[PDB]
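Okay, structure first, notes after.
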Amino acid sequence: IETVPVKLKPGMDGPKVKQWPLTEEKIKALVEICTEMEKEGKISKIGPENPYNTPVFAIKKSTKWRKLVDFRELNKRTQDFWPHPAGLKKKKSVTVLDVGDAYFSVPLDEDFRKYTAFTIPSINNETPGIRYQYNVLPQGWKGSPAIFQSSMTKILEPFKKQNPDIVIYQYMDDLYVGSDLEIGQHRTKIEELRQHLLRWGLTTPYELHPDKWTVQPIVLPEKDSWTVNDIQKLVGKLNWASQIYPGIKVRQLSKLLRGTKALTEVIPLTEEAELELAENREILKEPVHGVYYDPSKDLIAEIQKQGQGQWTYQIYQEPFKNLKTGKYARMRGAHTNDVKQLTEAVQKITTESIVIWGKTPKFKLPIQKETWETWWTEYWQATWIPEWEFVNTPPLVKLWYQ
Amino acid sequence: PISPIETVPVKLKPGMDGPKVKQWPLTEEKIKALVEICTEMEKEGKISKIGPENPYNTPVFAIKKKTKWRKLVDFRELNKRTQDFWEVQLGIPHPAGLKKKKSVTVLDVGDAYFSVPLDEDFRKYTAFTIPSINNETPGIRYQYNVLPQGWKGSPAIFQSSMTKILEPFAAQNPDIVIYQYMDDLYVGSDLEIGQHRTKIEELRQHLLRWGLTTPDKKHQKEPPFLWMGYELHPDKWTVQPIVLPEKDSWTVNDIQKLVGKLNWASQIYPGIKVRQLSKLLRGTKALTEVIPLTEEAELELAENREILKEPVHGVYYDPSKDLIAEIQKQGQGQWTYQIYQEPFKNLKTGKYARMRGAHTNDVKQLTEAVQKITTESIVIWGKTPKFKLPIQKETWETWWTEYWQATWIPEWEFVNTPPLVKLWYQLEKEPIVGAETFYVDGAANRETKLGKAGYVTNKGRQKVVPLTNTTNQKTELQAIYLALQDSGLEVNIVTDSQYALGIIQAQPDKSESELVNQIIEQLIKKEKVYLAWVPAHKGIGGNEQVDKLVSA
Ligand SMILES: CCC(=O)N(C)CCOc1ccccc1Oc1cccn2cc(C#N)cc12
Ligand SMILES: [Mg+2]
Ligand SMILES: [Mg+2]
Ligand SMILES: [Mg+2]
């Protein structure tokens, strides 16, 4: 009933972000959602003396439409507020619960409401948008879980007491619940917590396994007959990998090429050359030496289209000091097109990133910006949105991570 | 007539006070005009005489563009000090997105701003003063009670008020369409023209009850409507006629205004091109700097004048028919599109000629054009169109598959209308057997800018060409050009240049660089080319020898 005073960081005004344009289908859905949200008092219409704006989108989490607010800009402008469980990444199972509906029972500081204003756009500038602001704690605002935190601790304290070895981490609108139980015991423990949440008036509708995911090691080709070209590729790849693993050598491998040979000439792999390569497959097995996570610095993710539905990614903070690497595969399954694939990959990397470090990475996306701005919501399911930019994949980065 | 609408609360920017701009002295003629206008406005409640305490002022002026007088106020200072507002609409509806209506009426709101009240606590900051004869006496203090013309908040607060005021009328007439734009209303219906005039008369009297005067049924603008550069006929729209100047010299400014008018014409004139013309502004040092016209710009402008000769129109929108877009290639880098529902009844047209990069290829550009059409369709019609494209599935599938970048390709049907869109060449994915292997290198003195390109092949051929005023990057491409030049129809090339590899693997078919355009011609003439990369200065063999050669 009583609100919590909220302020912007000193010397900052609220967000003024453009509303992207939407299909009539998505506008139609947003007007239905917002009409009921207003009926329930969760938002109210606003006048022209409110200059602020956050974009809104229609997505699907099901066949009914959901509404997503991109509070990235507001979140940057309110970060003022108030240890991330390192064991969560270890647990055998981790299940994610959408608890974002808890927020809508909480008044939002009346002085801050203007900063949450948003617009439902019209088609072809016929009308100006319909304009609302938030009366309650909105999903996606990083202030919402901070304000609700005390209530959340209260509702969870019983359940944590019964289950001292179960890890519960909150990030934005989601609870991450991790156990070492057998899967059936795990899902039962989840169902209890869901039942406990519901009967305390906190509604709730994805299980991960962080114990399995590993950081990919570099893979060198294994061939029956090697040509000059194959040895050149091998030498180039191993040259690349030696910025990372000191111990790699190419002396014996490149010796096999001394001369000026036709590209397709078959080079037998001599004994010393095979020894060097076998040793190099061994060096590529171990993990790197001094790569640690600095929580002050941003996480960056890069993604490469590998073809045939495959995508490689790296998360790092300093170039060539990779905290994690991975490769995602996609089943053609009718469509599974490039954007659907990239969009799913981004969500998986972000989830993994939230589980391991508790923050989302900043993506370098291999796609034209406008193409992304156009289609990313056709497949977006998360309730969060990471930062991203747009880049042009280098030529050899692709084949070296393949 | 001031309306009983509620006022929007207005605040000054926090930590600023009201303007105190002292009034400039005025000729006794102008002082007389103001006093009579101000008394007439006082009569109507639009402004009020204020005490001595109000410490604010904003300069006032009197003009009559050479009959009547108008009062003009300079709110520049006050504007700077008042809070921001939700931006009044900028974008305007596009005629190709209007739905055909049987009757459309154009209402102008007389003195829109003066018809709406200004919230009370903000009225003090609008104080102005009519100068006394020569400061002989004290002047007249006045303040505003309605939205002043030229103040920062008037456009948005007016539009907000108009919207609220409309709601109740629109409620009881869901069969009448009302566009709101600045101080205009455009009211459309398919009712019998008789009861349509009935409903217009109702709406006018509803606005009058709320303080908004509207034109009589004998002063309501008649079609075809001159609106925002357009002609809106009852069954077609087109742009208002374009006049391209003829000049012996062209300044940066003349060119800018020229690319403007051509851009305007491309929304319905198929074929407009502006690439070579706007190349002329790549430096655009000053708006006055004269810019010599290249030959290509001359031909571009000449061809545009030919298109403008014929007259052209667009059609309005039918939500029940499909939406269809076709794209035609229109020269190097430049593309043209039409959007329509009826095979020759265009809704609108447009262009796309962005390189967005030093080198590209046709499939990349067509995919970008499809992007811009998609964004535009969403904006204008809230849906994406069907595409009819002069490119076969084989071509496009191969490209987007091999393309390292993620790409969305809509449903389209192939339309066989040359010039079709094709991959002009494709590099080999594997080295070629029986083809000569050229080990190329280039080098340039980063100081003297002299260079060489060289090769060494497996058949024992070697060669070095000298280069002047060049760069390590330009030579690395030149070495590749050389090997193309001196090879048979099949060739393996090995380079140590990530720069040069990156450019060639991208498989461009058009470039800003003549050297890259030369390599491209070679690549087409070739039957098979395989390009391979090795790390430099690692003694690989072939690469080491041509490095020794060229680095000597
Ligand atoms: C079919 C026959 C026609 O004549 N128009 C033009 C298309 C009909 O669309 C309408 C629908 C409802 C209300 C007004 C309409 O017209 C305008 C729409 C948007 C902006 N407008 C500016 C003017 C002026 N000056 C008129 C309109
Ligand atoms: Mg429209
Ligand atoms: Mg460009
Ligand atoms: Mg070199």
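Residue numbers begin at 1 in each chain, while the letters A, B, ... track the order of the sequences.
- No part of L90(B) comes within reach of chain A, as not one of its non-hydrogen atoms sits under 4.5 angstrom from that chain.
- Of the two parts of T375(B), only the side chain, counted from C-beta on, holds a non-hydrogen atom closer than 4.5 Å to a non-hydrogen atom of chain A.
- Only the backbone of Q180(B) comes within contact range of chain A, with heavy atoms under 4.5 Å apart.
- Looking at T119(A), only its side chain comes within 4.5 Å of chain B, counting heavy atoms on both sides.
- Contacts of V228(A) with chain B are made by side-chain atoms alone, with heavy-atom separations under 4.5 Å and no backbone atom involved.
- Using a 4.5 Å cut-off between heavy atoms, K16(A) touches chain B through its side chain atoms alone.
- You'll find the side chain of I43(A) reaches within 4.5 Å of the side chain of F118(A), heavy atoms only.
- Contact count against chain A (heavy-atom pairs under 4.5 Å) is highest for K538(B) among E436(B), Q498(B), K538(B), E402(B).
- In this structure, the portion of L396(A) lying under 4.5 Å from any heavy atom of chain B is its side chain and not its backbone.
- The nearest pair of heavy atoms linking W226(A) to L277(A) is CZ2-CD2, 4.4 Å.
- With a 4.5 Å cut-off on non-hydrogen atoms, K233(A) touches chain B through its side chain but not through its backbone.
- Test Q89(B), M228(B), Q159(B) against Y181(B) for side chain to side chain contact (heavy atoms under 4.5 Å, CB included) and you get one pass: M228(B).
- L263(A) touches chain B through backbone and side chain together, each having a heavy atom under 4.5 Å away.
- No more than 12 heavy atoms of other residues, nucleotides or ligands sit less than 6.0 Å from atom NZ of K459(B).
- Heavy atoms of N392(A) lying under 4.5 Å from chain B belong to its backbone as well as its side chain.
- Crowding of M355(B) atom CE: a count of heavy atoms from other residues, nucleotides or ligands under 6.0 Å exceeding 12.
- Contacts between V534(B) and chain A at a heavy-atom distance below 4.5 Å involve the side chain alone, from C-beta outward.
- For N50(A), the part sitting under 4.5 Å from any heavy atom of chain B is the backbone (N, CA, C, O) and nothing else.
- Heavy atoms from other residues, nucleotides or ligands lying under 6.0 Å from NZ of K11(B) number 12 at most.
- In terms of heavy-atom pairs under 4.5 angstrom with chain A, the leader among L501(B), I92(B), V10(B) is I92(B).
- The local environment of CD in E24(A) is sparse, with at most 12 non-hydrogen atoms from other residues, nucleotides or ligands closer than 6.0 Å.
- In summary, the aromatic rings of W151(B) and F122(B) are positioned with their centroids under 6.0 Å apart.
- Around the CD atom of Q402(A), the shell of radius 6.0 Å holds more than 12 heavy atoms that belong to other residues, nucleotides or ligands.
- Here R131(A) is the residue among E373(A), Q232(A), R131(A) with the most heavy-atom pairs under 4.5 Å with chain B.
- Residues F57(A) and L22(A) have side chains in contact (heavy-atom distance under 4.5 Å, counting atoms from C-beta outward).
- Around the CD atom of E389(A), the shell of radius 6.0 Å holds more than 12 heavy atoms that belong to other residues, nucleotides or ligands.
- Contact tally against chain A (heavy-atom pairs below 4.5 Å) for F438(B), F85(B), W400(B), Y403(B): the top residue is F85(B).
- Scanning all heavy atoms of the two residues, the minimum distance from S377(B) to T384(B) falls at CB-CA, 4.3 Å.
- Only the side chain of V494(B) comes within contact range of chain A, judged by heavy atoms closer than 4.5 Å.
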Residues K528(B), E430(B); criterion salt bridge (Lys or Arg N to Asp or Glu O under 4.0 Å); working and verdict: CA-CA 10 Å; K528(B) 304 185 181 188; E430(B) 302 298 339; over 6 Å; no

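- If you measure heavy-atom distances from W381(B) to chain A, the contacts under 4.5 Å come from the backbone alone.
- Residue contact with chain B, scored on non-hydrogen atoms closer than 4.5 Å, is absent for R251(A).
- The part of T374(A) that comes within reach of chain B is its side chain, from C-beta onward, which places non-hydrogen atoms under 4.5 angstrom from that chain.
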Apply salt bridge (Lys or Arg N to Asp or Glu O under 4.0 Å) to the pair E25(A) and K28(A), showing each step before the final yes or no. CA-CA 5 Å; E25(A) 180 188 46; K28(A) 199 219 166 187; over 6 Å; no

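- With a 4.5 angstrom heavy-atom cutoff, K372(B) does not touch chain A via any of its atoms.
- Of the residues considered (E87(B), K164(B), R356(B), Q83(B)), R356(B) shows the highest number of contacts with chain A, using heavy-atom pairs under 4.5 Å.
- For a residue to count as touching a neighbouring chain, one of its non-hydrogen atoms must lie under 4.5 Å from one of that chain's; by this rule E368(B) touches chain A with backbone and side chain alike.
- Between chain B and the residues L365(A), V339(A), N229(A), the largest count of heavy-atom pairs under 4.5 Å involves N229(A).
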